[PDB]
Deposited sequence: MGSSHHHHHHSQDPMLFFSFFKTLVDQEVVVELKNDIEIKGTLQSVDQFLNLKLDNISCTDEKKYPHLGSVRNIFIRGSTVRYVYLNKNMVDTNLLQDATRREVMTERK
């Protein structure tokens, strides 16, 4: 739930989703679900080749440094493990 919740905050920022098969795709994160299936708006791929992306296909999602509270995220995962 931690990562779901983490992405819920990223809504509206440009995120770059590297797909497992090397393909890039940059766009505006519009929505996310429990399985981290992402719906991005706008495009495009660099340098040639609005989409729903099956989470089971994403290798990376590249973020920028100042989208994330690196301290609250760390503590967020610290709370995650605690609940066991």
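**Q** Which residue ranges of the deposited sequence are not present in the modelled coordinates?
**A** Coordinates drop out over 1 to 14, 64 to 72, 108 to 109.
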